[PDB]
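Colleague: I would like to see how this sequence folds:
(chains A, B, C, D, E, F and G)
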Amino acid sequence: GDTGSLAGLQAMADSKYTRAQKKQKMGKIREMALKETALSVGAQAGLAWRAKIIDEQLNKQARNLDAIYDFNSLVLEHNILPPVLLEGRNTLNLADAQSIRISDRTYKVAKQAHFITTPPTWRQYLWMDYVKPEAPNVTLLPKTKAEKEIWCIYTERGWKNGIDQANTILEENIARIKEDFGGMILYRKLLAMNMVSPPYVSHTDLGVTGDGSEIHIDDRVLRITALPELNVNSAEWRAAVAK
Amino acid sequence: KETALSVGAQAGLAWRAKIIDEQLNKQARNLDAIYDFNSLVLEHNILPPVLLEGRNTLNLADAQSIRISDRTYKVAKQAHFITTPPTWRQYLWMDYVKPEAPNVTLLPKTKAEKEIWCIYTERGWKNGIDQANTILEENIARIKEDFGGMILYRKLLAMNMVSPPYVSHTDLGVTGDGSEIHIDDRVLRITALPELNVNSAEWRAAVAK
Amino acid sequence: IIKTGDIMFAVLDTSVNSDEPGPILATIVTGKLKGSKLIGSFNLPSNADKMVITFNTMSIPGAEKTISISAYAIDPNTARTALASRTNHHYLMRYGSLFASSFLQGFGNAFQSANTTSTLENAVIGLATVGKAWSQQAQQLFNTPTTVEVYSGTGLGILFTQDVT
Amino acid sequence: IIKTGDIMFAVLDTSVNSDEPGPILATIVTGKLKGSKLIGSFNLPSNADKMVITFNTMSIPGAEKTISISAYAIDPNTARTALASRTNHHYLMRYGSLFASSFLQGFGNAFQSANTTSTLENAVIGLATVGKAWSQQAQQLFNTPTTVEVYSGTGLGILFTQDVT
Amino acid sequence: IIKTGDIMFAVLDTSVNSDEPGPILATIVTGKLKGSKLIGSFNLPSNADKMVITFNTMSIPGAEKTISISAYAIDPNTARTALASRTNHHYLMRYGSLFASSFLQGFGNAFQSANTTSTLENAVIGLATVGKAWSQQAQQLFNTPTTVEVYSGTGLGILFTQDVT
Amino acid sequence: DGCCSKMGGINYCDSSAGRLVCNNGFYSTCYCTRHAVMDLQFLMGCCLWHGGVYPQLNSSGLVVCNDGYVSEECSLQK
Amino acid sequence: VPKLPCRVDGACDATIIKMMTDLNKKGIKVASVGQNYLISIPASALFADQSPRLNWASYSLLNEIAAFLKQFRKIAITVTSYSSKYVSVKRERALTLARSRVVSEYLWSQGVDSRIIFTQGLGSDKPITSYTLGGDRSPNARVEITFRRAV
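Modeller: Numbers count the residues shown, from 1 in each chain, chains lettered A, B, ... in the order given. The structure is reproduced below:
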């Protein structure tokens, strides 16, 4: 070896290692073709298998998820979704030398409130898709037992990689839906604190309408006039206390 | 053979790199003990600037021309904001990648070839040792210069040789539109970098007992 | 940028006997270019002591370009130009057919000649007349050489000739 | 965009003997192109070492386009270019006819020459005179090669040469 | 600047037999140009007492330029132009084939001749008739030369002809 | 390799902690998650405490970090 | 991952249960519940009568205790000392304090993988067994170590 390389380069002067180090070139150039395919098929099969395991474990806990992600408690009285809010505390940034800016808190409107027909569930957020691949295509095949076994263990490596990929996708979905739910509950908190504007929507009605051929008995339309937004009137904010 | 001494130099350089990295890792606590940059910072999270000294300056520019002075000082790097104090690993942890691929183009076949391989690999090994030691010496001299510059600014400021840096801070209330808000706006800018004062009349003496 | 005439590898997946050259493609699996695949052909030799592969249509995936490097092939892990195949395909078939035709001709004529000094007559008959036509047809077919055949799982070397980018 | 020199699968459902070339079509069942089919033709080699199909007229259904990507053929699951058929079709018939005409000629001449040292003479007569005409006719007709014939139920593989869109 | 007619070392790592010339590269290890690599070929002389390497296509690392300084080859640590190869490759094969065919023909004819003054007759048969065709085919194939073969573990020399930058 | 030896055997890998839990109710000292707390002081690679390796390959033997510094020890020498 | 640290250094739960079984069948008390770990020792195996001095055989037990406590990963160690009622309050409090001091110093001198050491001595103010016949031969006179295992 090259670690204790004085003894190593004294030892690798042996002529048997000269004729044994030559024969690994074709083995390397064949094994590197084998291992990427092994990793690919292990990644595919393990990823699909882990995905459907996650899907059926999700299906086993159907009641509690729909319990905890209740948007029907979250909706507003004109069938209008609350907006999404993000917050941050103790912000600072250096822009360059002799250029600093700090702020205690900041708040951001992420997605504007809008009209909704049906309340969203959690299933579209937390469902993972499942395509079973029934076509394992192996063009290059190993020759002897050693390359077969290292092909097997590198397939195991790809299997682990596909499992980790599925886990990362799952937690990213969890983060996204948690962020949206937190934005809704932030809107409820700010509406309680009176630092934001409630949404105002007007409506106008007409009686019987239409021609002699097509009629509606009534015709009520509604348009939102005032979107929710934050205020800057600092003295007009109500605080909170506990006991 | 020349490639053999080259790869021996590679092996010796990597081996001394690993040895010196183990030895440096052995003394982690004392390095952070002695290089207290976090004490050496100033109150506005600002790095104090770097100064260099010089005593008994003489130059012979040419014939009929001599310029001498007693002492002089130099601003090396101006003061600036910092975020986290630097550590010794930013200057002392020398890099290491082990080369494990000696492609022997010249395999030995005679015992004389083995012997000359041994002696030239030994020469490369020693050369790698010397190079690694030179690299370490360069790095430690550099970081010694940095710490000395910081300490030199501190004591010249103690001796009233440099004005301290001056910072103006402006604070504003709430800001933004109805969608984006920051609740307070504190902006700090350093309007006066440290610099030498040529009016020597303000200088003050020093004694010991 | 490829330096003028350095060493690369390719992995061969499909085989052919050296009879009708055509598009045969390898896949470069390591190096600067990944996923690249390369079409080419071979040449027909008079003497079967080695066999080379000439590669011309090199394409890299990702973008639509077609660089036009011409290169040769060597057998790797020996660093020589020989091909790992068989060279003794049809020596013995034509040799034995010709020698049997000869032996038939000789049997009919010599055991006809030794008559002075019915079944053995019919032996003379059959050998005497089926020696001749088979002898001239064996001299007709004696000229087909021994071919070689590359294999569909043997890697190969690509030593370059010109520069591409 | 197709990579320059990849491998596709084609479905062979019709057979042809290797005697008259013609537009023979296979159907690609894989890849991006669905319902696509490709016509081409075969060639007759001098020696029967392998038999292959060249493919040129490629059609993608739905829209009116007809690309002309050229490709060669390989035997599936062998990664080789040979054809699975028969090759011993017409060796034995011409061999037997020629050698029988020979044996007749030899019987007449040698069993007439052994006369010095009725029905037996008529046997010599019949072989003597019917040998030679059949001998020259068989030497006339010996030139026909053994025919091969592809099947109507074994598909094949296709390796690309150029790019299309 | 390279002086007109000085000597440079090169490391040769890939081998060839002298049957098919082609691009072959070497690695210059010393001098000004380090990491440089040079392609060329060989030639077949009339007598195989030497083998030289033409080397023209030279590449220097760093810059994307290919100079074409041309030079020839000598054997390292020999100071001679001979090649370390083998000479006696294919004399004895054709020698033995020819002399065996001649002996066959001679045995058949002379032991037919010695009849005046069954099994020995069949010896006459086989030897007489299979001597002749193998004799003419041996004189046909006698003219294949014995090639030389470089080896892939010894470098070579380069003696300069012109000046480059 | 068998981490819950001389115990109840393995139960699972608590990935909230990134540690194996055995059938015995004790925390196994082996790790099973990349996202878990190690205690490591040694590193590999070169151009460290810098921008890493520059993505382009220099024609000469020099290597360079992304902040412009040149690592002569990782670089090939004469 | 093979380049990555597969386990902690010198981690073997077989050795863990081996040394804790040896200590429990030896007689020094070691108890584990949750993450909280307590080890109690009687002073008769540690000192002489009413004396903050160490006998030379006790360093074997100190080495065993150090080998046990270095096996885990932790932050804070708390040791405490308890005495019999001998003369006063001051003398017993100072004796407990000194014993805690010397055992803490030897532990820090050895290879402890902890960052905080706390010593506290009390004396004869938190007894365990109301049977108080013996002096330093009493089981109540004792020294305890405690920690919480960290992750």
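Colleague: buried sites along stretch A:12-32?
Modeller: A:12, A:13, A:25, A:26, A:29, A:30, A:31 (16 or more other Cβ atoms under 10 Å in any protein chain shown). Bear in mind the C-beta positions are built from the backbone N, C-alpha and C, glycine included.
Colleague: Give me the spatial nearest neighbour of the last one, chain neighbours excluded.
Modeller: Meaning residue A:31. The shortest distance from residue A:31 to any non-neighbouring residue, by Cβ to Cβ, 6 or more residues apart in numbering or on different chains, is to residue A:147 (6.1 Å).
Colleague: Surely that neighbour is in contact with residue A:30?
Modeller: Yes - assessed by Cβ atoms under 8 Å, residue A:147 is found in contact with residue A:30 at 7.1 Å.
Colleague: any idea how far residue A:167 lies from residue F:35?
Modeller: 10 Å (Cβ to Cβ, to the nearest Å).
Colleague: Neighbour count: the two, which is higher?
Modeller: residue A:167 (15 against 9; other Cβ atoms under 10 Å in any protein chain shown).
Colleague: Could you look up the SS state of the more buried one?
Modeller: Three-state call for residue A:167 (DSSP: H, G, I helix; E, B strand; the rest coil): helix.
Colleague: And the residue of chain C closest to chain E?
Modeller: At 3.2 Å from chain E, residue C:106 is the closest residue in chain C, using Cβ to the nearest Cβ.
Colleague: isn't there a strand covering that residue?
Modeller: No - counting by three-state DSSP, residue C:106 is not found in a strand; it is helix.
Colleague: which SSE is the nearest residue to it once chain neighbours are set aside in?
Modeller: Closest residue to residue C:106 apart from its sequence neighbours, by Cβ to Cβ, 6+ apart: residue E:129 at 3.2 Å. Per DSSP states H and E: residue E:129 is located in helix E:119-141.
Colleague: Check which helices and strands that helix is in contact with.
Modeller: Counting contacts by 3 or more Cβ pairs under 8 Å, 6 or more residues apart in numbering or on different chains; DSSP states H and E, helix E:119-141 packs against helix C:92-113, helix C:119-141, helix E:92-113.
Colleague: With mean neighbour count added, can I get the ones you listed in JSON lines?
Modeller: Conversion of the helices and strands packed on helix E:119-141 to JSON lines gives the following (neighbours: other Cβ atoms under 10 Å in any protein chain shown):
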{"stretch": "helix C:92-113", "mean neighbour count": "19"}
{"stretch": "helix C:119-141", "mean neighbour count": "18"}
{"stretch": "helix E:92-113", "mean neighbour count": "15"}
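Colleague: The lengthiest helix in chain G: which residues count as buried?
Modeller: When chain G is parsed with DSSP state H, its longest helix is helix G:90-109. Neighbour counts over helix G:90-109 (16+ other Cβ under 10 Å) mark G:92, G:93, G:95, G:96, G:97, G:98, G:99, G:100, G:103, G:104, G:106, G:107 as buried.
Colleague: For the closest residue to the fourth one other than its chain neighbours, which residues count as its bridge partners?
Modeller: Setting aside the residues directly before and after it, residue G:96 is nearest to residue G:121 in space (Cβ to Cβ, 6+ apart), at 2.7 Å. In this structure, residue G:121 has beta-bridge partners residue G:81, where bridges are defined by DSSP bridges.
Colleague: returning to that earlier point: helix or strand: which one has the residue nearest to residue A:31?
Modeller: Going by DSSP H and E, residue A:147 is in helix A:145-193.
Colleague: Please apply the same query to residue G:147.
Modeller: strand G:142-149.
Colleague: tell me the angle that strand makes with helix G:90-109.
Modeller: 40 degrees (axes from the mean of the first three to the mean of the last three Cα atoms, to 10 degrees).
Colleague: ok so, going back, give me the next element, helix or strand, following the helix holding residue E:129.
Modeller: Heading C-terminal from helix E:119-141 (DSSP H and E), you reach strand E:156-159.
Colleague: and that following strand, is it in reach of chain B?
Modeller: No - Strand E:156-159 stays clear of chain B (Cβ under 8 Å from any Cβ of the partner chain), getting no nearer than 13.3 Å.
Colleague: Keeping just the C-alphas, turn that strand into CSV.
Modeller: Below are the C-alpha coordinates for strand E:156-159, written out as CSV (Å, rounded to 0.1, in the frame of the first residue of the first chain):
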residue,chain,number,x,y,z
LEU,E,156,11.7,3.6,-27.6
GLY,E,157,13.9,6.4,-29.0
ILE,E,158,13.2,9.5,-31.1
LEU,E,159,15.9,11.2,-33.0
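Colleague: Just confirm yes or no for it near chain C.
Modeller: No - contact of strand E:156-159 with chain C (Cβ under 8 Å from any Cβ) is absent, the minimum separation being 14.3 Å.
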